[PDB]
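Protein chains in written order, with our numbering: chain A, 4 to 51; chain B, 145 to 505; chain C, 4 to 358. Yeah, the Cβ is synthetic: ideal placement off N, Cα and C, and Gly gets one too. Okay, structure first, notes after.
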Amino acid sequence: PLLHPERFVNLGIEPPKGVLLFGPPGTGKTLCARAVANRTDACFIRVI
Amino acid sequence: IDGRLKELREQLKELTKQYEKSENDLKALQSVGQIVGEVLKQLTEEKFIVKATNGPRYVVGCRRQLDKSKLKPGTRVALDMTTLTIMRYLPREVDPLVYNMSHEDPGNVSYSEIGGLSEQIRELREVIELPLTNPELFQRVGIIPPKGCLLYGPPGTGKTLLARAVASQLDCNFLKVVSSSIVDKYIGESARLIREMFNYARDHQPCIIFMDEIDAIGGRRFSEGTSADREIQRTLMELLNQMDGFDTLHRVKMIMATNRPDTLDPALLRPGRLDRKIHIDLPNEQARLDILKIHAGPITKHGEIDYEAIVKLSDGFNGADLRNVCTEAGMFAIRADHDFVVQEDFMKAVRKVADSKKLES
Amino acid sequence: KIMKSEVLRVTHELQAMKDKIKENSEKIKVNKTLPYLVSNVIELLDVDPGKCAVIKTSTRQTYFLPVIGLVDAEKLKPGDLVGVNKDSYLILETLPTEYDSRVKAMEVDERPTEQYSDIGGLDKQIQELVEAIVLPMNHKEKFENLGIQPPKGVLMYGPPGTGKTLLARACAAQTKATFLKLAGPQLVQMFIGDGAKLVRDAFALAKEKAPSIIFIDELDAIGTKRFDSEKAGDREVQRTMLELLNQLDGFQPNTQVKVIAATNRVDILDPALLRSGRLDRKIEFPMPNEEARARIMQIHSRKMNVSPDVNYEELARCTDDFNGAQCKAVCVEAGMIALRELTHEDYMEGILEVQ
Ligand SMILES: Nc1ncnc2c1ncn2[C@@H]1O[C@H](COP(=O)(O)OP(=O)(O)OP(=O)(O)O)[C@@H](O)[C@H]1O
Ligand SMILES: Nc1ncnc2c1ncn2[C@@H]1O[C@H](COP(=O)(O)OP(=O)(O)O)[C@@H](O)[C@H]1O
Ligand SMILES: Nc1ncnc2c1ncn2[C@@H]1O[C@H](COP(=O)(O)OP(=O)(O)O)[C@@H](O)[C@H]1O
């Protein structure tokens with residue numbers, strides 16, 4: 004969705020409505036940080 | 145002749161002169177008002193202690209026209225905003241503003257809107273009104289006035305409608321209280337709620353407490369014997385011993401609009417109990433045609449007065465159902481977007497409601 | 004005749020006195036443009052030996068402006084939030100009141116845009132409730148001249164996913180009138196009379212804003228079937244149920260502001276909310292058949308153009324006991340997988356995912 008290459012037409016209107024990256028204490032949110040780095044300046048905030 | 149428009153010009157001048165006198169009273173006042181306080185202490189004939197509602201109390205004089213007998217201690221008064229002197233004394237009021245009286249006397253013209261069982265309405269009025277009108281005679285001779293009356297006919301003729309209408313000769317305020325709403329928690333301290341509602345009636349002394357549903361669904365499901373055991377009956381005994389709520393002094397009665405008089409705790413029908421019960425059932429053919437006529441009253445269309453044929457198809461239909469019948473006739477006409485309602489529309493409405501109730505029963 | 008001199012005085016008097024009205028209104032209106040004190044009306048009807056007012060200022064004081072010296076007690080009833088002179092200590096002009104914190108805008112949508120065409124399956128029921136609600140909005144004068152007051156209480160009972168919410172918002176849009184949504188399950192507040200106050204101000208807002216649609220959800224949650232038990236007995240929520248009942252009769256004249264209550268099982272309610280003037284139009288919302296489910300998911304995926312010529316017949320065969328929400332989820336599961344299945348096989352797993 005951040006690339007916005009295909010969400011509009013080929014796949015239904017809007018990309019998947021949500022993402023719940025859960026899991027036991029471990030890899031959780033490291034992939035989120037990696038996605039933040041790989042994406043644009045619209046970068047995340049870690050709220051608790 | 146321009147002089148014949150003098151009447152129209154006169155009307156215009158009167159119309160604008162009403163506004164002009166209104167604005168004259170609005171601008172001529174242009175007042176700052178007086179501040180509100182309470183007589184904290186009279187002190188003496190000349191100086192008085194008046195405390196504002198929000199702090200400071202002052203030693204002020206009194207209004208010349210007023211007198212100490214009109215001022216009195218601990219009474220709301222008005223002080224001058226600047227010179228700080230008593231200007232006028234005002235009455236005060238408090239309001240609990242919660243769970244108070246909801247339905248009041250105005251709109252009591254349903255004596256003609258009931259139609260059916262006018263003799264029954266007359267009998268209930270005969271039972272209720274006289275102690276409600278002049279209870280002092282009951283004390284004067286040493287006889288206890290009745291508490292209220294019982295009403296049958298679970299879905300039938302409007303029991304609440306009768307409660308509203310009969311208060312026409314009563315000039316009282318009917319109150320629609322639910323048995324469950326009065327009992328709340330399943331404790332004998334449910335009498336607190338009855339105390340509050342009886343205090344509300346006492347404040348609005350000319351009142352009649354119309355009960356909604358005491359024998360919860362008397363036709364089926366759970367009665368007084370089933371489900372809650374004796375809770376309803378003890379809560380009713382509370383209102384029964386309330387009967388010493390100054391019946392001579394208090395213009396309060398209680399109508400019990402049960403569905404079915406079957407499970408009504410026969411211990412509550414002895415003398416000193418609810419006592420009187422008036423029989424209301426599904427309307428007969430005569431009452432049915434009469435209530436059909438009064439329902440059609442507001443409806444002015446072509447149609448016909450062929451009420452008996454409608455009665456034939458719609459026999460044993462409650463008054464609320466017949467009101468729904470007239471509304472369904474209007475609904476059919478408007479769904480057709482026809483400004484006319486004929487007997488065929490009535491036939492369609494009657495068939496629709498009959499099939500609906502037949503399927504639901 | 005006398006008309007010439009009479010009208011010569013009449014035009015001059017009217018225009019000059021309206022100029023005086025303008026002058027007084029401006030001198031009061033800049034003060035009306037600077038009102039500062041809240042108006043807690045402790046109304047005392049002091050008739051001059053007509054009325055009067057006690058105003059509780061924001062700065063904690065009492066002002067007894069005589070005979071309410073600018074506005075009329077008919078429109079000014081004992082309440083709050085009506086303009087008060089900061090210098091003249093007088094009732095200045097009315098202004099909108101406060102809608103009870105939560106009800107100021109709980110979830111009020113100013114205007115729904117969902118259309119009737121995108122929903123369906125229960126077309127007979129939807130047309131019935133359209134005739135019972137939207138027609139009393141557009142052709143209200145029709146009912147007025149007929150003489151039959153339209154009913155207000157409509158209860159959509161049926162399992163979730165049957166489209167009650169979409170149908171209600173679409174009906175409100177068709178009426179082009181105000182729509183107010185009530186979140187029923189969260190109306191159970193610990194605060195005493197809190198639900199009663201919420202319902203009171205919700206009805207007040209609906210009355211103040213057009214013939215509205217009061218869409219109260221979870222009517223089963225709101226009202227119990229009076230199946231009292233030792234664990235609980237619906238003691239407190241009965242106050243709120245009675246408050247709603249007493250609020251149902253407020254809008255009988257000028258029949259406006261309709262009440263729409265959504266639930267799954269109608270039987271969980273006592274025979275008290277069900278009445279001719281109260282909730283009367285009890286409308287069934289069943290799970291759509293295969294044809295209706297296929298048509299609904301087709302309409303939902305109408306804005307998707309990826310797999311041509313998918314008749315959704317295998318989908319209808321595989322949509323056993325599914326809701327409109329479930330069909331939408333099935334179609335958008337394809338809307339999520341159909342990148343780069345696709346035709347007639349990217350639909351089954353949507354239901355399998357949820358459990
Ligand atoms: N796949 C991974 N590769 C490298 N380091 C990882 C990985 N998963 C977890 N870590 C390490 O774990 C630590 C915290 O990782 P992460 O930020 O994913 O979790 P968190 O926010 O602490 O919470 P939780 O452990 O509950 O998910 C870091 O030191 C990170 O380097
Ligand atoms: N005899 C009647 N005449 C006119 N309206 C009636 C009559 N009986 C019932 N109704 C209508 O039924 C509605 C409610 O009646 P209700 O008091 O519930 O009757 P019941 O208690 O027997 O079910 C009222 O709005 C009233 O208009
Ligand atoms: N006829 C229909 N057409 C399109 N979508 C529908 C239909 N019926 C239900 N839905 C979907 O169901 C969801 C609404 O679910 P909900 O309102 O909770 O169902 P219910 O009103 O039966 O409780 C919406 O997101 C909508 O997409």
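Within-9 Å CB hit, residue i to chain C
i	result
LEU24(A)	no
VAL39(A)	no
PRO27(A)	no
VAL12(A)	yes
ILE16(A)	yes
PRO19(A)	yes
residue 127(B)	Limits of chain B in this structure are 145 at one end and 505 at the other, which puts residue 127(B) out of reach.
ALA335(B)	no
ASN278(B)	no
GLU448(B)	no
CB contact check: residue i to chain B, cutoff 9 Å
i	result
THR243(C)	no
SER279(C)	yes
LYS107(C)	no
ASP283(C)	yes
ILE136(C)	no
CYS55(C)	yes
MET193(C)	no
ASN43(C)	no
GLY198(C)	no
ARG172(C)	no
Residue i beta carbon near ligand 3 (any heavy atom closer than 8 Å)
i	result
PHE182(C)	no
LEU125(C)	yes
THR116(C)	no
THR165(C)	yes
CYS330(C)	yes
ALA186(C)	no
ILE288(B)	no
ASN88(C)	no
Residue i: CB within 8 Å of a non-hydrogen atom of ligand 2
i	result
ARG467(B)	yes
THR301(B)	yes
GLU134(C)	no
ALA464(B)	yes
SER279(C)	yes
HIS439(B)	yes
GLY297(B)	yes
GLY260(B)	yes
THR304(B)	yes
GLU267(B)	no
Cβ of residue i within 9 Å of any chain A Cβ
i	result
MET307(C)	yes
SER120(C)	no
residue 381(C)	Chain C is shown from 4 up to 358; residue 381(C) falls before or after that span and cannot be answered.
Residue(s) in a DSSP beta bridge with residue i
i	result
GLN178(B)	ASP224(B), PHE67(C)
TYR202(B)	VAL194(B)
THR97(C)	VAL85(C)
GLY292(B)	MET398(B)
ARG284(C)	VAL157(C)
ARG232(B)	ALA222(B)
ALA265(C)	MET159(C), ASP220(C)
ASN317(B)	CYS351(B)
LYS234(C)	Partner(s): none; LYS234(C) has no beta bridge.
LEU185(C)	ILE219(C)
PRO38(C)	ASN88(C)
Cβ-heavy atom distance, residue i to ligand 5, below 8 Å
i	result
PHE288(C)	No copy of ligand 5 appears in this structure; the ligands present are ligand 1, ligand 2 and ligand 3.
In chain order, what residues place their C-beta within less than 5 Å of a heavy atom belonging to ligand 1?
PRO28(A), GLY29(A), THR30(A), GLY31(A), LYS32(A), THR33(A)
Against chain A, which members of the stretch 331-344 of chain C pass a CB distance test of less than 8 Å?
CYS334, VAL335, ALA337, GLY338, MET339, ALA341, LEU342
Of all the residues that make up the stretch 69-82 of chain C, which are near chain B by a beta-carbon distance shorter than 8 Å?
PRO69, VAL70, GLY72, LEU73
So if I threshold CB-CB distances at 9 Å, which residues from the stretch 450-469 of chain B count as touching chain C?
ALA464, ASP465, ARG467, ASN468
Which of the residues in the stretch 162-188 of chain B, read from start to end, lie with their CB under 8 Å from any CB of chain C?
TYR163, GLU164, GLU167, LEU170, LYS171, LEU173, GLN174, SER175, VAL176, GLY177, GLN178, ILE179, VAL180, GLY181
Relative to chain B, which residues along the stretch 5-16 of chain C have a C-beta separation below 8 Å, given in chain order?
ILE5, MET6, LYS7, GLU9, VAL10, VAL13, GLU16
The stretch 341-374 of chain B: positions lying closer than 8 Å to chain C by Cβ:
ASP356, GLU357, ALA360, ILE361, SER371, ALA372
Report the residues of the stretch 192-206 of chain B with a CB closer than 9 Å to any CB of chain C, ordered along the chain.
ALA196, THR197, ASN198, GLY199
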